[PDB]
Amino acid sequence: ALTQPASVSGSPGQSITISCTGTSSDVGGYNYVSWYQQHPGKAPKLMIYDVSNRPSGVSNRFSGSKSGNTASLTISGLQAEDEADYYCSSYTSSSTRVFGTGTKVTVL
Amino acid sequence: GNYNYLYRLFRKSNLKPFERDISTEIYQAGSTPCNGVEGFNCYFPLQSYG
Amino acid sequence: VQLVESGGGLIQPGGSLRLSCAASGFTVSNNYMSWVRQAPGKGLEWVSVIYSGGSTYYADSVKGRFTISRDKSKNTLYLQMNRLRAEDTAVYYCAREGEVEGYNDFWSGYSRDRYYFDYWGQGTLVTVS
């Protein structure tokens, strides 16, 4: 499975990093780590895919990376709308997909 | 949506003239192991038009 | 691209429930379709995924109990749930995978993999009691 910090917090203007440690099979072996944003009562939204890339139509402050078995979502310039939980979905390692525990961000 | 026409998205190799194939065997672009199974780097044969 | 779901509701343990996910603007055979559930106020758990054709892949928590299917004619995605249990109480989402050449980063061509999640369904409540 994928482990995530249960919550992170920060003030508007600065940056926050979000970690996701897993095995060497999916995150450390493969390169299809993704990130999502889900507001309470809404369906999740694709935030990051293909690791380094970002889907068009999304604020360019969002950024992701992975160092070995650990994935990273480096959000920059937090605003008020960013308040939501973020799930890290890596590749599946032979079609048994996985998700992180979720990181509920709280903006000051 | 009349999604009823296929177009052999990526076929095994280049096609000779006036040749037709209906084989829907799974195409592998990475490793060989996958035999008739759509795996990590083994995608299903044709597409469906929109 | 639209994904509407229906079929969830109150049900007793051990019974049967079949979910529906009608997809407009694309097909259950163009790109990979996957089911993902979220327990009330909890994380996301991938339920199952069917590839563009010939795949019945599930999770170890639902193997032998859930079977994923589709109807090409009606362009709907189905999920049979047999022998439901109390820990299956969640809202279920049908997620379409990434279309081939997503957002077309003009470097790589047509290799289907593009493993991520595109727009989701609305979700339906499944309460097993």
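Numbering of residues starts from 1 on every chain and follows the written order of that chain's sequence, so it may differ from the entry's own numbering; residues lacking coordinates are omitted. Here every chain gets a letter starting at A, and every ligand a number starting at 1, in the order they are written. Each value given relates to the chains shown, not to the larger assembly they are part of. Hydrogen atoms and water are omitted, and side-chain values are computed over all heavy atoms in the structure. Residues with missing side-chain atoms are left out of burial classes, side-chain pairs and their counts.

1. Quick notes on the overall build of chain C
Phase 1: Only runs of H or I of at least four residues qualify as helices and only runs of E of at least two qualify as strands under DSSP, and these elements are numbered from the N terminus. For chain C, the helix and strand inventory stands at zero helices and 11 strands.
Phase 2: In this description the radius of gyration comes from C-alpha coordinates, and the expected globular size is given by 2.2 Å times residues to the power 0.38. A compact globule built from 129 residues would reach a C-alpha radius of gyration of about 14 Å, and chain C, at 15 Å, matches this within 12%.
Phase 3: For chain C, the spread of C-alpha atoms along the three principal axes comes to 50 × 30 × 25 Å.
Phase 4: We call two residues contacting when some pair of their heavy atoms lies within 4.5 Å. Contacts spanning at least 24 positions in sequence make up 54% of the contacts within chain C whose residues lie at least 6 apart.

2. Brief notes about the interface of chain C and chain B
Phase 1: Each partner contributes residues to the interface: chain C has 20 residues there, and chain B has 15 residues.
Phase 2: Carbon and sulfur atoms supply 44% of the area buried between chain C and chain B, which totals about 1,400 Å² over both sides.
Phase 3: We define a salt bridge as a side-chain nitrogen of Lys or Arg found within 4 Å of a carboxyl oxygen belonging to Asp or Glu. Linking chain C with chain B are zero salt bridges.
Phase 4: Throughout this description, a polar contact denotes any pair of N or O atoms lying within 3.5 Å of each other; where both atoms belong to protein, one of them has to be capable of donating a hydrogen while the other can accept it, and for residues adjacent in sequence the pair is counted only when both atoms sit in side chains. Taken together, the connections running from chain C to chain B amount to nine residue pairs in polar contact.
Phase 5: Amino acid classes used here: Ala, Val, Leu, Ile, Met, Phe, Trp, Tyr, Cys and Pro are nonpolar; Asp, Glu, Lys and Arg are charged; the rest, including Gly, are polar. Class assignment for the residues of the side of chain C that touches chain B results in seven nonpolar, 10 polar and three charged. As used here, buried area is the combined drop in accessible area, with a 1.4 Å probe, of two parts when they are placed together.

3. Notes on the pairing of strand β4 (residues 45-48) of chain A
All names here are of chain A.
Phase 1: Two strands pair if DSSP finds at least two bridges between them. Note: strand β3 (residues 34-38) against β4, three bridges, orientation antiparallel. Paired with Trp35 across the two strands is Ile48, which belongs to β4.
Phase 2: Between β3 and β4, which pair antiparallel in sequence order, lie six residues; one of them, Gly41, sits at a positive phi of approximately 90 degrees.

4. Some thoughts on the interface of chain A and chain C
Phase 1: On the chain C side, the residues contacting the 19 residues of chain A number 22 residues.
Phase 2: Counting each side, the surface lost to burial between chain A and chain C is near 1,900 Å², with a carbon and sulfur contribution of 59%.
Phase 3: Three residues, A:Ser95, A:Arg97 and A:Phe99, lead the burial of chain A against chain C; their summed loss comes to 34% of the area buried on that side.
Phase 4: Joining chain A to chain C, the criterion identifies one salt bridge.
Phase 5: The closest approach of N and O atoms between C:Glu97 and A:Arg97, which form a salt bridge, is 2.4 Å.
Phase 6: Counting across the interface, chain A meets chain C through six residue pairs in polar contact.
Phase 7: The element contributing the most residues to the side of chain A that touches chain C is β3(A), with three residues.
Phase 8: Looking at the side of chain A that touches chain C residue by residue, the class counts come to 10 nonpolar, seven polar and two charged.

5. Things to note about the state of the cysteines
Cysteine pairs can be covalently joined through their sulfur atoms, and such a bond is termed a disulfide.
Phase 1: We call a pair of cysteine sulfur atoms a disulfide whenever their separation is within 2.5 Å. According to the stated counting rule, one finds two disulfides over all chains in the structure shown.
Phase 2: Here B:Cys34 is linked by a disulfide to B:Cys42, with a sulfur-sulfur distance of 2.0 Å. Here the S-S torsion is close to -90 degrees, and the disulfide linking B:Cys34 with B:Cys42 is therefore left-handed.
Phase 3: Covalently, C:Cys21 is tied to C:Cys94 through a disulfide, its sulfur atoms 2.0 Å apart. Of note, the bridge from C:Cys21 to C:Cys94 carries an S-S torsion of about 75 degrees and is right-handed in sense.

6. A look at the environment of A:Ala1
Residue and element names in this part refer to chain A.
Phase 1: If you trace the backbone, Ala1 turns up in the segment before β1 (7-10).
Phase 2: Take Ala1: its relative accessible area is 90%, and that puts it in the exposed class.
Phase 3: It is 10 Å that separates the C-alpha atoms of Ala1 and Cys20, two residues lying 19 residues apart in sequence.
Phase 4: Excluding residues within four positions of it along the chain, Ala1 makes contact with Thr21 and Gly22. Three labels apply to residues, based on accessible area from a 1.4 Å probe with only protein chains included: buried if under 20% of the type maximum, exposed if over 50%, partly exposed otherwise in between.

7. A closer look at the packing of aromatic side chains
Phase 1: Ring pairs shown here join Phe, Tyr and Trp side chains whose ring centres sit within 6.5 Å, with only the six-membered ring taken for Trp; geometry is labelled stacked below 30 degrees between planes, edge-to-face above 60, and tilted in between. Per the counting criterion, the structure on display carries 24 aromatic pairs over all chains.
Phase 2: One aromatic cluster in this structure is built from A:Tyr30, A:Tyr32, A:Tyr91, B:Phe40, C:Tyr32, C:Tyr51, C:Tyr57 and C:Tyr115.
Phase 3: When the ring centre of C:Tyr78 is taken as origin, the NZ or CZ atom of C:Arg18, which lies over that ring, is 4.3 Å away. Only when the NZ of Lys or the CZ of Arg is both within 6 Å of the ring centre and within 35 degrees of the ring normal is a charge said to sit over the ring.

8. Structural notes on the sheet that holds strand β8 (residues 76-82) of chain C
All names here are of chain C.
Phase 1: Taking strand neighbours across the sheet as the criterion, the four strands line up as β1-β3-β8-β7 in an open arrangement whose pairing is antiparallel. The open sheet has two edge strands, β1 (2-6) and β7 (66-71), and neither has a second partner. Each strand axis lies, on average, 20 degrees off the axis of its neighbour in the sheet, ignoring direction.
Phase 2: Where β7 meets β8, six bridges bridge the pair, whose relative direction is antiparallel. Across the sheet, residue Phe66 finds its bridge partner in β8, namely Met81. Axis definition: a line fitted to C-alpha atoms, limited for helices to the stretch in contact. Angles are taken between N-to-C directions and run from 0 to 180 degrees.

9. Some words on empty space enclosed by the protein
Phase 1: Cavities and pockets are defined on a 1 Å grid built over the protein atoms alone: a cavity is a set of grid points where a 1.4 Å probe fits but cannot escape, while a pocket is an open set with protein on both sides within 12 Å along at least five of seven lines, and lining residues are those with an atom within 4 Å of any such point. Grid points are joined across faces, edges and corners, and a volume is the space filled by probe spheres set on the points. Considering only enclosed or pocket space, the largest cavity measures out at about 70 Å³ in volume.
Phase 2: Lining the largest cavity, in full, are A:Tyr32, A:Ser89, A:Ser90, A:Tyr91, A:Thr92, A:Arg97, A:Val98, A:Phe99, C:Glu97, C:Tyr115, C:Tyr116 and C:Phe117.
Phase 3: Broken down by class, the residue content of the lining of the largest cavity amounts to seven nonpolar, three polar and two charged.

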